[PDB]
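A.B. asks: No sequence on hand, only this structure:
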Ligand code: HEM
Ligand code: HEM
Ligand SMILES: NNC(=O)c1ccncc1
Ligand SMILES: NNC(=O)c1ccncc1
Ligand SMILES: [Cl-]
Ligand SMILES: [Cl-]
Ligand code: NA
Ligand code: NA
């Protein structure tokens, strides 16, 4: 059946905003996963997982009698899709069990690993999510094999449909770079937001770049991809050598023996895939990725044998039984055990990308230090494994259970505890009046609070107004945030704050993070007043102020908005049309299409545009909260044309006289073009809509202000 | 950006069950359109519409100074997408304003028509839907031009995103038959559920079949497509001749002048399309469909001139200025007015498909009768226009406002009014005990109520248990309904009924329609008890029993389930895989995917399969309401393979011994295969889920039993 996507393949896709409705969720509307998890007997779960590690099933026999390696790779892959550019991917939604990730070639035979876990998932039911279970199982694997983990937090709620994620434009799995949809350009520059080198890989190609088995060049791909997954050199070497302390690869025969990935397999395969015609198709005959490497002499026990081997031998380029490039230790004895036959042994082997850790000079220094000091290695790996597996979980307040680490890590964007009474409703009212009396405008107040709160992204739950990080480097200098104007607003609010906190008794005080948000609230109330409407904008106190020392400035860089349609802002010229970027931002903000529409139309008339641009400011009463954006946008008395100076800016002229009425961007005019968005604009542009527009605006404003407020969950 | 649909294009699509969530709806959760409409000043709306008729806008000037013809075509097209096969299409959801319908070639320049209505829409806001407004406008157009309509009903709630409808498989607009995705096979057999001859047409090609200008052959396509849109010969002739009493076609120059349809046009076009480079691109120079025909001497006034012209001249084949085939009256004077130039007149013209009304022998007789008896023509057209425009509105209870016709029409599947007291909770308890004491089994009770209630489809709001039509022809003879078993259950229920009604005082009585549903409820209660659960199933009385004379047997045929996965039924071998048909049925039933899943799993263990098939009956306690379907389906101790005798049936064997445990269909096993459905099955197959399963099943059962209950809305 031909669909709208077939006829109009470049049209914007709003369905990405409407996933995760109560329609697709089997749990009741009131189900609270945190409450279910908090009563799980986590210790009992772990004991079952521990027993599972050495209980082999004949449909996928355990290598060396121990599934530990398989499960560690499973957990690593669950986490390893994460990209810092957008926060998308990661383990936090259990997306490995859905398309496309359940069928990525790099996830081959993890369908078996997930299936091994059904009996435990079935036992404990809604009290442990798949998302939590994947990571937990990886921790229990490492613990069972002698490795002390840094901790574990529950709280990743299950999701019930695939996320809409851009994974690249290629139409062939694993396509080598340089094709018609190449994700590389210039001098091996990977396009943002991607964080893998080929479609369907987690990070890099284990043979080397586009299959070229050069460890030095592979190292460049390793470093780039792992940085784009939030990991530095030390963390990267710790993770790869730590992982490859365990288990083995699977490449026992040619890959052409391996059948359809799960989403393409027949219905009788019951959600599994990659069925192999090679000998028994499993166990000793397994084929997963096509390499045949076993790193250590004790693949089911933590050791420092990965580095002993890496540095204790010289390596020769060889081929697996499937034809893949890999490396074997020159002159070595057969000291590596076989996974099924106790009378066979093998020489040490390595991937090209393992050798990267020795032949790249910066990695070499770290690998050497870890080799000489394996306790350093163990600590770095534990910390990195925790970071890896929790990177997308959000604020520490979301972390559940008895194994949460007490140490606060810089990468968490930590927020200090609040240790005083909070302001009450009367205090809030007093503060809003003092804000409005200072002479700060609706435009300043709205813009500042928008800038602070709208860094939040639901993808990894980073950002938001909690912390008052807008007053710190680097947020205070981002162009979208209007640095000079911001500095003036923050100076006024800080003087108001100092004066309020100085008059209190009893320890009550207000954080600047709360006051920024409250001041925006006051601005929205004043704008409503300016339009002849008395409304109260809800406000919840309890944010705290983080320090510069608690703020990693480089990690913060990925939250810079280079495109923010809600402020009519685009930092440069991109390949993706601005309206697509608007919908992408709305998704990150967790907005629906109605919420996006209301919010943008309100912001336009409140003066929230960067640089006071008149684009989309379709009103003669700016700073009054009215539906004028919609009524004027939809007025058929106005004709629109692109400008000669810029195809992305449009002039709205009176159709009869030619007089210039307005200018707008693509982000403005999409609301009058896109058939679904224009239907939403019509509701808010109707003569009966002023009350609705105000109410719905206030509601979405408050939703945005509270996006990071997991302390109130 | 490559998507799951690109990688796995034949995978089932569940998003069709989750469209129309509260996320995409701008109205609040409690918005009730009926209540808004009942407060509309309908008379004021009609006055505005009357004014609009002759208020020409320069951006799309009115032909003859009157937009009545354009609006009539607009309403006719809104309604004209309807297919009796699935009840999809029609005017009842205002889908003409969304893709793909807003951009169909046959809807060219109806974008202008809808835009002319914006000011009225804006004025009256949520109190008149677009869906109602399109039809109302068409009525006002007819009234303005002198034609008295049969009535009008409001109540078509607006929808907020495109429906997922199969409109065909062609990848080229207007593709002629016989291509790689032909909708025709055999001797010009149009594939079900389609009701148009080419992709993007309403019914037929106005030039003739695949462009061949033979009116006799065109008549065959007219008859088939209009029958597939619920219209017989009389109604068809009346509608086409009635419609073509007004207005004109537009084909002033070559079609190559016409640019992109709305979904493809630039953002500056602000939701319009088909901008034309021919002369002024509008008005006298309009190009819509490429023909250049004006039927009558008074195109803005009701007349009897259509049949005078059809029969009063002989016709000659000619070409329009765009090159399309059309017909001109031989020897005629220039009697037809020009739409813009008072000094020009034209000869009478006709489409090939107009000539069909004279040259097909069955139409000729009707056309003659209408020509000789114009009052009969007028009355038939009024009734047919009412039917056309209300066909998908459902039961009369949904009809709103002061212009609803009092006459009850056969096509409405009418339900008699209830004129006596209803049974109360004590009576219900007594009737359920009598049902359970009669010896009717859980299987019989469930299957009967399922067969009665599950004929409902939300697409056109036909079917459901109200009316007790399961006891009449043709439902009582459908194979899916197990006629012999049904007749035995109905005889026992009728005897219960007769005995209860005979013991009453007052006029209290129970309809058979209510008792069928109540008896089903007792069966579910019994099944729950058999499993050890104490469950009361909700029941709402008030259904009435329709007569055979109130049940058009031919119109009922399209509700016959030829595929019903909920009873593991398939009447023949189809090209569409059965699990796609299951999702289709769920959509018609208004079910989400979690609802579909719970319902099917319960039905399987209750004995609702046709013929008592064991396929999917994954329990050793049939007739007890348990989650056994899920627990056994997901058991990895069973391996599944298609049978050698039939690729669509699967055997589930013990993995270790090879012993046969179960058999299933595609519909059964899709729940263990499709990654989203399996995630739902897991919830219900978990150790903590038995009570949730039972409660969710009761809820969905009740939902199905009440689908047609608009008397309680
Ligand atoms: C450059 C980065 C990495 C590359 C190219 C890579 C490559 C691979 C390959 C090709 C396999 C074999 C798949 C199969 O045939 O079964 C594998 C196995 C494995 N990897 Fe990695 N890996 C990388 C990083 C990591 C990380 C960061 C971890 C965890 C901290 C990890 C843990 C494992 C484990 C435990 C196995 C063994 C699985 C088993 O025993 O079934 N790897 N790796
Ligand atoms: C066999 C069925 C029919 C065919 C092939 C057909 C064909 C067409 C075509 C080709 C046009 C010209 C479109 C354009 O260039 O502007 C048209 C116009 C129109 N048709 Fe039909 N038609 C059919 C049935 C109907 C019916 C059932 C109605 C309403 C009851 C209707 C009412 C109209 C009216 C009023 C117009 C004039 C539009 C104007 O004045 O702008 N037609 N028809
Ligand atoms: N692809 N996923 C996201 O963008 C997202 C996920 C959860 N909340 C907001 C956004
Ligand atoms: N395409 N539309 C339908 O199938 C439908 C619409 C409303 N309720 C049930 C089904
Ligand atoms: Cl994601
Ligand atoms: Cl539809
Ligand atoms: Na994420
Ligand atoms: Na319909």
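C.D. replies: The structure has been received and is ready for your questions. Residues are numbered from 1 along each chain as shown, chains lettered A, B, ... in the order given. Ligands and ions are numbered 1, 2, ... in the order given.
A.B. asks: what sits against residue A:640?
C.D. replies: Counting by CB atoms under 8 Å, 6 or more residues apart in numbering or on different chains, residue A:640 touches A:650, A:651, A:652, A:653, A:664, A:669, A:672, B:268, B:270. In short, each C-beta sits where N, CA and C put it, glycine included.
A.B. asks: Which one (most neighbours) among the residues you listed?
C.D. replies: residue A:664 (27 neighbours; other CB atoms under 10 Å in any protein chain shown).
A.B. asks: Of all the residues in the stretch 201-350 of chain A, which one is nearest ligand 3?
C.D. replies: Using CB to the nearest ligand atom, the single residue of the stretch 201-350 of chain A nearest to ligand 3 is residue A:229, 15.7 Å away.
A.B. asks: no wait, the stretch 601-713 of chain A
C.D. replies: Residue of the stretch 601-713 of chain A nearest ligand 3, by CB to the nearest ligand atom: residue A:707 (9.3 Å).
A.B. asks: same thing with chain A?
C.D. replies: Taking CB to the nearest ligand atom, ligand 3 has its nearest neighbour within chain A at residue A:458, 2.3 Å off.
A.B. asks: Now that residue, what are its backbone angles?
C.D. replies: With angles defined as degrees, to the nearest 10, residue A:458 sits at phi -80, psi -20.
A.B. asks: if I pick it, what's in contact with it?
C.D. replies: Residue A:458 neighbours (CB under 8 Å, 6+ apart): A:587, A:588, A:589, A:590, A:707.
A.B. asks: how about 7 Å then?
C.D. replies: Counting by CB atoms under 7 Å, 6 or more residues apart in numbering or on different chains, residue A:458 makes contact with A:588, A:589, A:590.
A.B. asks: What separation do you get for it and residue A:221?
C.D. replies: Using CB to CB, to the nearest Å, residue A:458 is found at 30 Å from residue A:221.
A.B. asks: Kindly report the same for residue A:669.
C.D. replies: Taking CB to CB, one finds residue A:669 at 41 Å from residue A:221.
A.B. asks: Same check on residue A:479?
C.D. replies: Taking CB to CB, one finds residue A:479 at 31 Å from residue A:221.
A.B. asks: Who has more neighbours out of those two?
C.D. replies: Taking other CB under 10 Å, residue A:479 and residue A:221 do not tie; residue A:221 has more neighbours (22 against 13).
A.B. asks: could the contacts of residue A:640 be laid out in CSV, adding distance to residue B:292?
C.D. replies: Output for those, formatted as CSV (distance: CB to CB, whole Å):
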residue, distance to residue B:292
A:650, 35
A:651, 36
A:652, 35
A:653, 33
A:664, 39
A:669, 35
A:672, 33
B:268, 30
B:270, 29
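A.B. asks: Inside helices: which ones of those residues?
C.D. replies: Under the assignment DSSP state H, these contribute residue A:669 to helices.
A.B. asks: Include distance to ligand 2 when you put the contacts of residue A:640 into TSV, please.
C.D. replies: Formatted as TSV, those follow (distance: CB to the nearest ligand atom, whole Å):
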residue	distance to ligand 2
A:650	30
A:651	32
A:652	29
A:653	28
A:664	32
A:669	28
A:672	25
B:268	25
B:270	22
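A.B. asks: For residue A:630, give its distance to residue A:690.
C.D. replies: Distance, residue A:630 to residue A:690, by CB to CB: 11 Å.
A.B. asks: what does residue A:618 give?
C.D. replies: Distance of residue A:618 to residue A:690, computed by CB to CB: 15 Å.
A.B. asks: Could you pull out the strands in the stretch 51-200 of chain A for me?
C.D. replies: Along the stretch 51-200 of chain A, counting by DSSP state E, counting those that start in this stretch, strands occupy A:184-185, A:189-190.
A.B. asks: Give the pairing partners of the last one; include direction for each.
C.D. replies: By that I understand strand A:189-190. Strand A:189-190 pairs in its sheet with strand A:184-185 (antiparallel), by DSSP bridges.
A.B. asks: The residue nearest to residue A:5 when sequence neighbours are not counted: neighbour count?
C.D. replies: Spatially, and ignoring its direct neighbours in sequence, residue A:5 is nearest to residue B:5 (7.1 Å; CB to CB, 6 or more residues apart in numbering or on different chains). Counted by other CB under 10 Å, the residues lying close to residue B:5 total 15.
A.B. asks: Could you check which helix or strand contains residue B:5?
C.D. replies: helix B:4-7 (DSSP states H and E).
A.B. asks: contacting residues around that helix?
C.D. replies: Residues contacting helix B:4-7 (CB under 7 Å, 6+ apart): A:99, A:100, A:162, A:171, A:263, B:11.
A.B. asks: Which residue would be the closest one in the stretch 601-713 of chain A to ligand 1?
C.D. replies: Closest point on the stretch 601-713 of chain A to ligand 1, by CB to the nearest ligand atom, is residue A:710, at 27.4 Å.
A.B. asks: Please name the residues that touch that residue.
C.D. replies: Residue A:710 makes contact with A:394, A:395, A:397, A:398, according to CB under 7 Å, 6+ apart.
A.B. asks: any bit of the helix or strand containing residue A:224 sitting next to ligand 1?
C.D. replies: In this structure, residue A:224 sits in helix A:215-227 according to DSSP H and E. Yes: using CB under 6 Å from any ligand atom, helix A:215-227 reaches ligand 1 at residue A:222.
A.B. asks: which parts of that helix are buried?
C.D. replies: A:215, A:217, A:218, A:219, A:221, A:222, A:223, A:224, A:225, A:226, A:227 (16 or more other CB atoms under 10 Å in any protein chain shown).
A.B. asks: now stretch A:498-509
C.D. replies: Applying 16+ other CB under 10 Å to stretch A:498-509 flags A:500, A:501, A:509 as buried.
A.B. asks: Pretty sure residue A:598 sits in a helix.
C.D. replies: Yes: according to DSSP: H, G, I helix; E, B strand; the rest coil, residue A:598 belongs to a helix.
A.B. asks: isn't it right up against residue A:697?
C.D. replies: Yes: shown here, residue A:598 and residue A:697 form a contact pair, counting by CB atoms under 7 Å, at 5.3 Å.
A.B. asks: Which one's more surrounded, those two?
C.D. replies: residue A:598 (30 against 26).
A.B. asks: In space, what's closest to that one - neighbours in sequence excluded?
C.D. replies: Residue A:598 sits nearest to residue A:696 (CB to CB, 6+ apart), 4.8 Å away.
A.B. asks: element containing that neighbour?
C.D. replies: helix A:690-705.
A.B. asks: for the residue most central in space within chain A, phi and psi?
C.D. replies: In chain A, the centroid-proximal residue (CA atoms, centre = their mean) is residue A:87; its distance is 2.2 Å. Main-chain dihedrals, residue A:87, degrees, to the nearest 10: phi 70, psi 0.
A.B. asks: Show me which residues of stretch A:377-393 are buried.
C.D. replies: A:377-378, A:380-393.
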